[PDB]
Amino acid sequence: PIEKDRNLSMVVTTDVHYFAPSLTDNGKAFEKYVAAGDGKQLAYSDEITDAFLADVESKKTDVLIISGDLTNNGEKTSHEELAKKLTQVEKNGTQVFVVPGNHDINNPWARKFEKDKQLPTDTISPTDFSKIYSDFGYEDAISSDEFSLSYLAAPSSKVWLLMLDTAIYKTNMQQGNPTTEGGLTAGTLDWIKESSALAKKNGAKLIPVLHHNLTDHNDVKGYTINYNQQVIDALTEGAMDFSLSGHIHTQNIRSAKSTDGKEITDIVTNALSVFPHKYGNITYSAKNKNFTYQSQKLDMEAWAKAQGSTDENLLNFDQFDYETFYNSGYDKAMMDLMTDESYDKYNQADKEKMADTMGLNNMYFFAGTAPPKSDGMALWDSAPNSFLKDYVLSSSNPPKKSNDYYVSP
Ligand SMILES: [Ca+2]
Ligand SMILES: [Fe+3]
Ligand SMILES: [Mn+2]
């Protein structure tokens, strides 16, 4: 614990969706899987994760936070390998804190790939999670919630972390699928209040971290936490000005109001596994007692070159990733345009313009920045009603407020 009332350097990431290389042979089965993984660089999760941690190390980061979805599909092996990397990070002096996401625990979808077959592989239980990641928040927690993997951590004397587990997994094996939506019981909400009171007694500011979102981040369920108003009210009552969440994967900042009018800013950092692969820098000013959040794009090309890599996709990662993610949204739209009988009145060239607009607006929405003008926009505006159309339109306008920078008030 950092007792000195000095500036604190922090980094937050989320949705690493780590997949242990030992769980795949990069065969047919794996290729199809990654193809349907809508944009996530699953094939390079090991390199992306290492590149990221190398950055944390060079920054000599005080605190590293990971807001859920540590693994692809809760594979025990992926969890163990990721834990090994975090153990090394801690040897450098950096304190690491993690919480689970919807894909991390009791995951019936845990699979390993061999040729044209997906085979079963072990997942983990809730207590397995607190055991595997005991060094990263759990063992030294100041307080731990009774029925969730939530806990209160004190990495320094002036700044504490309210690490929340908003994941729902206790009925996963019975469902056959990992629950996507998130939520907090009244008991965990009561614990949050007690925790907030303890931080206040100790003169510490508190940063609430959760996988699911505190409020909506797109005008177009299961991503914003269930019954979010109760959570917002609980956090604002604790005097917390901002929260760090993930799950939706898009670099996106939005504010919400408590029932009594207090504001809290929900900062969603880009999924580490998806374009543009940004992570968040958070700096605490001891003198001003405020927090400054600034996103940073992971430089894979620089890491690749320093590794002496011969993989062209990594040496040219910017282009590779740009194309990979653009095509994911392009194909997404084109499939619909080529299936719905309400679009056959559009000629091929137009469907292409529309697919292009989706690929552009979509990728820039994930980057959290303004999308460039595209000929497909006019076509979408007059196109038939649909969720897709709503999304394309809702992401056609420039962000009215930065999704990359925030300073607490
Ligand atoms: Ca530790
Ligand atoms: Fe998630
Ligand atoms: Mn995720």
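All residue numbers in this chain count up from 1 along the given sequence.
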Quiz item: Is there a side-chain contact between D145 and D165, using heavy atoms and a 4.5 Å cut-off?
Solution: no
Quiz prompt | Steps toward side-chain contact (heavy atoms from CB on, under 4.5 Å) verdict (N281, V11) | solution = CA-CA 5 Å; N281 286 293; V11 168; 3.9 Å; yes
Quiz prompt | Minimum heavy-atom distance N7-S285, with the two atoms named | solution = OD1-CA, 3.4 Å
Quiz item: In Å and rounded to the nearest 0.5 Å, what is the OG to CE distance from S374 to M354?
Solution: 11.0 Å
Quiz item: Would one find more than 12 heavy atoms of other residues, nucleotides or ligands at under 6.0 Å from atom CD of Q348?
Solution: yes
Quiz prompt | Listed partners of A141 passing side-chain contact (heavy atoms from CB on, under 4.5 Å), at least two apart | solution = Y151
Quiz item: Should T185 and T188 be marked as a side-chain hydrogen bond (donor to acceptor under 3.5 Å, both in side chains) after you check the CA-CA gap, both sets of side-chain angles, and the distance that decides it?
Solution: CA-CA 5 Å; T185 65; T188 299; 3.2 Å; yes
Self-check item: Verdict with reasoning, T94 to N92, per side-chain hydrogen bond (donor to acceptor under 3.5 Å, both in side chains)
Solution: CA-CA 6 Å; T94 297; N92 97 309; 2.8 Å; yes
Quiz item: Going through the checks in order, is the side-chain contact (heavy atoms from CB on, under 4.5 Å) test met by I142 and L198?
Solution: CA-CA 9 Å; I142 300 306; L198 186 59; 3.7 Å; yes
Quiz item: What heavy-atom pair brings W380 and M358 nearest, and what distance separates the two atoms?
Solution: NE1-N, 4.4 Å
Quiz item: Step by step, would you call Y343 with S386 a side-chain hydrogen bond (donor to acceptor under 3.5 Å, both in side chains)?
Solution: CA-CA 11 Å; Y343 289 76; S386 73; 3.3 Å; yes
Exercise. Evaluate the ring planes of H103 and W109, with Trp represented by its six-membered ring, and classify them as parallel (under 30°), tilted (30 to 60°) or perpendicular (over 60°).
Key: tilted
Quiz item: For the residue pair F97 and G137, what are the closest heavy atoms and their distance?
Solution: CD2-CA, 3.8 Å
Self-check item: Results of ring pair (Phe, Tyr, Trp, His ring centres under 6.0 Å) for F30 - residues two or more places apart only
Solution: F19, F113
Quiz item: Quick one: are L244 and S67 in side-chain contact, heavy atoms under 4.5 Å?
Solution: no
Quiz item: Would you call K193 and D190 a salt bridge, taking side-chain N to carboxylate O under 4.0 Å as the test?
Solution: no
Quiz item: Taking only residues two or more places apart in sequence or in another chain, which ones pass side-chain contact (heavy atoms from CB on, under 4.5 Å) with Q319?
Solution: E323
Quiz item: In chain order, what residues pass the side-chain contact (heavy atoms from CB on, under 4.5 Å) check against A54, with sequence neighbours excluded?
Solution: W303
Practice problem: Might you work through the salt bridge (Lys or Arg N to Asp or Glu O under 4.0 Å) test for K112 and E75, ending with a clear yes or no? | Solution: CA-CA 8 Å; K112 58 182 172 185; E75 309 80 16; over 6 Å; no
Exercise. Test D350 against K353 for salt bridge (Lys or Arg N to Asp or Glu O under 4.0 Å), laying out the working first.
Key: CA-CA 5 Å; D350 288 327; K353 294 177 178 297; 5.5 Å; no
Quiz prompt | Donor-acceptor side-chain pairing of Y44 and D311 below 3.5 angstrom | solution = yes
Practice problem: Report the distance from atom CD of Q251 to atom CG of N403, rounding to the nearest 0.5 Å. | Solution: 7.0 Å
Quiz item: Which residue pairs pass the salt bridge (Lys or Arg N to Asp or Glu O under 4.0 Å) test when at least one of the two sits in residues 277-305, sequence neighbours left out?
Solution: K278-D404, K297-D318
Quiz item: Any luck finding a side-chain donor-acceptor pair between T61 and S9 under 3.5 Å?
Solution: no
Exercise. Taking atom OH of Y322 as the centre, report whether more than 12 heavy atoms of other residues, nucleotides or ligands fall under 6.0 Å from it.
Key: yes
Identify each donor-acceptor pair in which a side-chain atom of residues 359-366 lies under 3.5 Å from a protein atom, sequence neighbours left out, and give them as a table.
residue : atom : partner : partner atom : Å
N361    : ND2  : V392    : O            : 3.0
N362    : ND2  : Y391    : OH           : 2.6

Practice problem: Mind running side-chain contact (heavy atoms from CB on, under 4.5 Å) on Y133 and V96 for me, showing each step along the way? | Solution: CA-CA 10 Å; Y133 300 101; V96 183; over 6 Å; no
Quiz item: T123 versus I105: any side-chain heavy-atom pair under 4.5 Å?
Solution: no
Quiz item: Is the shortest heavy-atom distance from the side chain of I192 to the side chain of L164 under 4.5 Å?
Solution: yes
Quiz prompt | Which residues share a ring pair (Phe, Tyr, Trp, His ring centres under 6.0 Å) with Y330, sequence neighbours left out | solution = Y326
Exercise. Given side-chain contact (heavy atoms from CB on, under 4.5 Å), test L86 with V98 step by step and report yes or no.
Key: CA-CA 10 Å; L86 299 180; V98 308; 4.1 Å; yes
Quiz item: Roughly how far apart are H211 NE2 and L70 CG, rounded to 0.5 Å?
Solution: 9.0 Å
Self-check item: Heavy-atom closest pair, residues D266 and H217
Solution: OD2-NE2, 2.8 Å
Self-check item: From CA spacing to verdict: ring pair (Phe, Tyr, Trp, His ring centres under 6.0 Å), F291, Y284
Solution: CA-CA 5 Å; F291 296 88; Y284 171 72; 5.0 Å; yes
Self-check item: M335 atom CE, neighbour heavy-atom count above 12 within 6.0 Å
Solution: no
Quiz item: What heavy-atom pair brings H17 and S45 nearest, and what distance separates the two atoms?
Solution: O-CB, 4.1 Å
Exercise. Any pair with a residue in residues 46-78 that passes ring-ring contact (aromatic ring centres under 6.0 Å, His included), sequence neighbours left out, goes on the list, sorted by first then second residue, please.
Key: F52-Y279
Quiz item: To the nearest 0.5 Å, what is the distance between CD1 (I264) and OG (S408)?
Solution: 12.0 Å
Practice problem: Can you measure from CG (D219) to OG (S394) and round to the nearest 0.5 angstrom? | Solution: 6.0 Å
Quiz item: So do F136 and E90 actually touch side chain to side chain, heavy atoms under 4.5 Å?
Solution: yes
Quiz item: Can you list the residues that meet the salt bridge (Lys or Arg N to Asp or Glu O under 4.0 Å) rule with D62, with sequence neighbours excluded?
Solution: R6
Quiz item: Can you find a heavy atom in the side chain of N73 that is under 4.5 Å from one in the side chain of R111?
Solution: no
Self-check item: Nearest-0.5 Å distance that lies between atom CD1 in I124 and atom CD1 in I132
Solution: 4.5 Å
Quiz prompt | Residues which pass salt bridge (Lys or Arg N to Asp or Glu O under 4.0 Å) with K85, listed by chain and number, not counting sequence neighbours | solution = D46, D50
Self-check item: Pairs involving residues 153-194, ordered by first then second residue, that meet ring-ring contact (aromatic ring centres under 6.0 Å, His included) (sequence neighbours left out)
Solution: none
Quiz item: side-chain hydrogen bond (donor to acceptor under 3.5 Å, both in side chains) with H247: which of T180, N213, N102, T224?
Solution: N102
Exercise. Could you pull out all residues at least two apart from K262 that satisfy salt bridge (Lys or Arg N to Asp or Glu O under 4.0 Å)?
Key: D260
Quiz item: Less than 4.5 Å apart, any side-chain heavy atom of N218 and any of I248?
Solution: no
Exercise. Identify the two heavy atoms, one from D15 and one from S273, that lie closest to each other, and give their separation to 0.1 Å.
Key: O-OG, 3.0 Å
